[PDB]
Amino acid sequence: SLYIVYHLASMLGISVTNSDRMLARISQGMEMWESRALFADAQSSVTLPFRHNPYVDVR
Amino acid sequence: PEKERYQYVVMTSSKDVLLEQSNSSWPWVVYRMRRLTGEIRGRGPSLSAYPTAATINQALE
């Protein structure tokens, strides 16, 4: 949710943010919460294996 | 009895019998090197090797 808030603010700020430095910081907040949101979603379960393993499947 | 132990028949796929005999032996001798219990056909060392061969051939391809 917080990642979407920053990302949407980044899109609006293209036209309405006064300072380039301020827009850069908003975009930095977008990227920061994107990684944290991705980690939080991903770490809850194990990583699934590949479905295609040629050197094993050929046996 | 021993002299009649092996019953031998030659016929066609439409069940037309061409020859019937009874002898003390039959033409065939069957070889096995090793055998898994419950199976009549054997399993030899080249059968043990083929999964390894399959991996090698895939690697070379």
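Quick reminder, even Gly has a Cβ in these numbers, built from the backbone with ideal geometry, and neighbours come from all protein chains shown. Read the figures in this text as sums done on the coordinates, not as results from a lab.
Quick notes
- Every pair of residues 6+ apart whose Cβ atoms lie under 6 Å, when the first sits in the stretch B:2-27 and is among the small types (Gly, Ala, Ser) while the second is surrounded by 10 or more Cβ atoms within 10 Å (Cβ to Cβ) and assigned to a strand (DSSP E or B): B:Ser22/B:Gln7; B:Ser25/B:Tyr6
- All helices (runs of 4 or more DSSP H) inside chain A with 1 or more residues being closer than 30 Å to B:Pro51 by Cα and within 14 Å of another protein chain (Cβ to nearest Cβ): A:54-57
- Close Cβ contacts (under 9 Å, 6 or more residues apart or on different chains) running from residues in the stretch A:33-59 that are surrounded by 10 or more Cβ atoms within 10 Å (Cβ to Cβ) to residues that are part of a loop (DSSP other than H, G, I, E, B) comprise A:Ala37/A:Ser1.
- Qualifying positions in the stretch B:9-36 - outside any loop (DSSP other than H, G, I, E, B) and in contact with a helix residue (DSSP H, G or I) (Cβ under 6 Å, 6 or more places away or on another chain): B:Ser22
- Matching residues in the stretch B:3-54 - criterion: being under 17 Å from the mean Cα position of the chain (by Cα) and within 14 Å of chain A (Cβ to nearest Cβ): B:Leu47
- Residue under evaluation B:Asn57, criteria (1) away from chain A (no Cβ under 14 Å); (2) within 21 Å of A:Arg59 (Cβ to Cβ); (3) outside any loop (DSSP other than H, G, I, E, B), criterion not met: (1)
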